[PDB]
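Read-outs throughout are calculated quantities, based only on the coordinates presented, and are distinct from any laboratory measurement. Counting neighbours? That spans all protein chains shown, and the Cβs are built from the backbone with ideal geometry, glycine included.
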Amino acid sequence: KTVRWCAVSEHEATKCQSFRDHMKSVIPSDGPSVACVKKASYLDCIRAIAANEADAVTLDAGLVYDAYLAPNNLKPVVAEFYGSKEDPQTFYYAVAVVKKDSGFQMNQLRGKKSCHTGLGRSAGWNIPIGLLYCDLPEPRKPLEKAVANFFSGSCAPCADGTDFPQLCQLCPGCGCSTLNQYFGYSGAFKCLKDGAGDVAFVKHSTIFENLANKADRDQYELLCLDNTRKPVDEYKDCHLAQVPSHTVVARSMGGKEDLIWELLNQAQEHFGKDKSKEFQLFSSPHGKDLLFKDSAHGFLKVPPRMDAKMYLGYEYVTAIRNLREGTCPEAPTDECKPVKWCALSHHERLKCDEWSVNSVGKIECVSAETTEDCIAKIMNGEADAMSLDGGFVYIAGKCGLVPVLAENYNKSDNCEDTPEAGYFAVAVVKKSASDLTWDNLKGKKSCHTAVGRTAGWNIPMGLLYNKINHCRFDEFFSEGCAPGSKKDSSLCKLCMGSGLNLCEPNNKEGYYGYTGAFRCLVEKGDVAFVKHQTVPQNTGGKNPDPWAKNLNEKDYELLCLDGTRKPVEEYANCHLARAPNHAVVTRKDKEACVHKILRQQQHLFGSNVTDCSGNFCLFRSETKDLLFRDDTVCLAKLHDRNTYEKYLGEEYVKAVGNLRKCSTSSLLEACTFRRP
Ligand SMILES: [Au+]
Ligand SMILES: [Au+]
Ligand SMILES: [Au+]
Ligand SMILES: [Au+]
Ligand SMILES: [Au+]
Ligand SMILES: [Au+]
Ligand SMILES: [Au+]
Ligand SMILES: [Au+]
Ligand SMILES: [Au+]
């Protein structure tokens, strides 16, 4: 029950020691205890934890990467935060600050004047230069020389000014102290404010630290990696990298990550911020930043689905990966590199493989275990693209993937030029029971297509979540028919299926499906959740079944959100959510390529090819809905609707977000950690 903490100095070792003693006093026998292993450096502590000689050490971002690499394979487990519990700020954001008075993008930096905090600083040098590496002219070695040849002039504090003079065209001499006015965070900023340089590579917070008034800050903007600009306020959507400030790492396997938390949590309570002046966890009597940044205001537990590559982020790992590997391509900078599609079944992999060979090597294939695994691969660049249902388009979005192409199902002449935006989830109720409004559904009897279905379960219950009486979903409706629920619950009490099929999600239920939940509506039921065209396709004599023959539209109204009621064909204005189509998701940086390659690919192997036995076609599966839903006719370009929030209804988002409170996703919880 003891955690072996690793110190990298003598001063640190001492702090660890009194950290042991002070935690020895307050904590009872059945409490965590601290041990103090002492090594020579951060690298040694890393190898020690790997060799199972120590348990935990707290690293900067650069070392977090080093730690995860073979043969160490360490992972982040506990993080320092630097604000309050509502504003944690466990991360910082390397930004590129510019005048609003200028007009140029990230990809137009070549030939501009730059301002760096200092050579070797992550935010002010490593990150930017790492991202810009391939855009620098050959030779890239040495780096200082290359960066000199990229910017017309620079202030790079702590550069070989005598060898690379241009790196100090803005601050002559390359002063690496506060005597150079263009040095550090405040200095790199003043380098911009004074109009000496065109761009300042700094932290998101730098601008707030140097300009108090929102008036002056508005004279500045941010360079986003997609070659757009945004106000200084929205760094969260316009940064060069998101960097974990200080992180605790342990073994990826057998790390005792729970003990570290159990310890560190009970430490920050007894000796956290403004706690005991007997011993400060975030203050050193013997130096500064011993074991932990004195900045820190506490700890947070890192969700367990988090690997190091996920925690640092694509951009961060790319920056340092370039600096180390230094391997740029040589292929025409115009032509799209192949798109790595992610498969999650054997049959998915097979179909993908065939696609790849006919794609003349323009499509590639990557296997992953689950959907959540495939999404992770997209995130960190192991894969490029995949098609997701609304539920996953949401999770991918929370992780910062973007919808680019919608699966079109309706035969449209120019469907390539029009997204669908899906059908409409409606709550239908007869005009008979006439005092029914959205509000007084509490304790009413209901009729769902099936539990886990979008229009039938997800959307309605998702929105009813605010008043759902806890994750107990059977408590809301006195009784109902939710095919798939446990065969003993209140939501199986209306399902008229004889024998084994009494509450089973299949045809033999009779009160299952869109058409079924509607029979459930009439045959013992108050309310039913279906699609917008379920009423018109079952009434008017469209359905010749015993119960359905003689039903008419005029009888059934649709329930609205605002509490009002409306006719059926007024669904457009009286709907719950806009149950969406499946959509191809990808990284923002590969948005351009996915669009083209997939447009060309659906031309060759699209819905427009017959003789699918002698020629490959993309929208036919061997089994069922491999890679894409087989109902797809084309892939619609998502102009405008190319964020998760903008592709899914604001209501769909609210609903799915609510349901995800009862059914956790380890990926989602990890992604929401980086983006709260
Ligand atoms: Au103490
Ligand atoms: Au550190
Ligand atoms: Au900030
Ligand atoms: Au205490
Ligand atoms: Au502080
Ligand atoms: Au609860
Ligand atoms: Au495009
Ligand atoms: Au086409
Ligand atoms: Au576009």
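A few remarks follow.
- Extension gain, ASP589 to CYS134: 0.36 nm times the residue separation minus the Cα-Cα distance gives 162.3 nm.
- Distances between placed amide hydrogens fall under 5 Å for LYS340 paired with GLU364, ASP384, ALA385, all partners being 5 or more residues away or on another chain.
- Quotient of C-alpha Rg and 2.2 N^0.38 Å, computed over the chain: 1.12
- Electrostatic dipole magnitude of segment 206-303 [Cβ: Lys, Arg +1; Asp, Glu -1; Cα centre; debye, to 20]: 220
- Scaling against 2.2 N^0.38 Å puts the C-alpha radius of gyration of segment 92-243 at 0.94.
- Within segment 563-584, backbone nitrogen closer than 17 Å to the virtual label 7 Å beyond the Cα of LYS442 toward Cβ: 563
- FRET efficiency estimate (nearest 0.05) - Cβ-Cβ, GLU325 to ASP258, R0 45 angstrom: 0.80
- Short-range pairs are left out: with C-alpha atoms under 8 Å and at least six residues apart, the relative contact order of the chain is 14 percent.
- Using the Stokes-Einstein relation with a Kirkwood hydrodynamic radius computed over Cα pairs, the translational diffusion coefficient of segment 423-579 at 20 °C and a viscosity of 1.002 mPa s comes to 141 µm²/s.
- Qualifying chymotrypsin sites (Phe, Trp or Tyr not before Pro) in segment 64-145, where qualification requires a DSSP coil assignment and no more than 16 other C-beta atoms within 10 Å, comprise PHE104.
- Peptides 49-60, 11-22, ordered by how many other C-beta atoms sit within 10 Å of their residues on average, highest first, read 49-60, 11-22.
- Our summary gives segment 73-207 a relative contact order of 30 percent, counting only alpha carbon pairs under 8 angstrom and 6 or more residues apart.
- Whole-angstrom Cα spans of segment 566-634 along principal axes, big to small: 51, 34, 20
- Gap separating the Cα centres of segment 587-636 and segment 63-127, nearest whole Å: 38
- Calculated [θ] (222 nm, deg cm²/dmol) that DSSP helices of n ≥ 4 give over the chain, each run adding -39,500 (n - 2.57): -7500 deg cm²/dmol
- Local electrostatic count, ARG565, Cβ distance below 15 Å [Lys/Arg +1, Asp/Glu -1]: -4
- Counted charge near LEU344, where neighbours are those whose Cβ lies closer than 9 Å (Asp, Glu -1; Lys, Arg +1): -2
- Paramagnetic reach from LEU604 (point 7 Å along Cα→Cβ, amide N under 13 Å) across segment 332-348: 338-339
- Non-local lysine pairs in segment 543-644, meaning eight or more places apart or on different chains, with alpha-carbon distances under 30 Å, amount to 10.
- Taking label points 7 Å from Cα along the Cα-to-Cβ direction, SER152 and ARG110 give a separation of 1.6 nm.
- When DSSP beta bridges are restricted to pairs lying wholly in segment 92-243, around 70% turn out antiparallel.
- Once backbone amide H atoms are built at 1.01 Å from N, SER367 has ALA343 as its partners under 5 Å, excluding neighbours fewer than 5 places away on the same chain.
- When the GluC sites (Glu not before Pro) in segment 63-146 are filtered for DSSP coil states and for at most 14 other beta-carbon atoms within 10 Å of their beta-carbon, the remaining sites are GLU86.
- Segment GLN17-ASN213, extension gain: residue separation times 0.36 nm, minus the distance between their alpha carbons: 66.0 nm
- Spin-label model, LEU500 to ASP389: label points 7 Å out along the Cα-to-beta-carbon direction sit 2.4 nm apart.
- Dipole size of segment 429-472 about its Cα centre, with +1 on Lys/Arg Cβ and -1 on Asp/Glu Cβ: approximately 120 debye, rounded to the nearest 20.
- For segment 200-271, the number of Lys pairs with C-alpha atoms closer than 25 Å, counting only pairs eight or more positions apart or on separate chains, is 5.
- A simple spin-label model places the labels of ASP294 and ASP631 6.3 nm from each other, with each point 7 Å out along Cα-to-Cβ.
- The GluC sites (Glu not before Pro) of segment 592-676 that meet both conditions, a loop assignment by DSSP and at most 12 other Cβ atoms within 10 Å of the site Cβ, are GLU622.
- Reach of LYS486 by Cα under 23 Å, taken over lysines that are not fewer than 8 positions away in the same chain: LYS442, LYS444, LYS445, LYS467, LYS508, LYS524, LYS661
- Test item: Cα-centred dipole of segment 294-355, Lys/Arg +1 and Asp/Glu -1 on Cβ, debye: 340
- Sites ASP611 and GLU382 - FRET efficiency at Förster radius 25 Å, r taken between beta-carbons, to 0.05: 0.10
- Once the C-beta distance of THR564 and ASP87 is scaled by a Förster radius of 56 Å, the resulting FRET efficiency is 0.90 to the nearest 0.05.
- Ordering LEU598, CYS399, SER102 by the projection of their Cα atoms onto the charge dipole of the chain, which places +1 on the Cβ of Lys and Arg and -1 on the Cβ of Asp and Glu, puts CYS399 at the extreme positive end.
- Net length gained if the chain between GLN537 and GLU354 were fully extended (0.36 nm per residue, minus Cα distance): 62.0 nm
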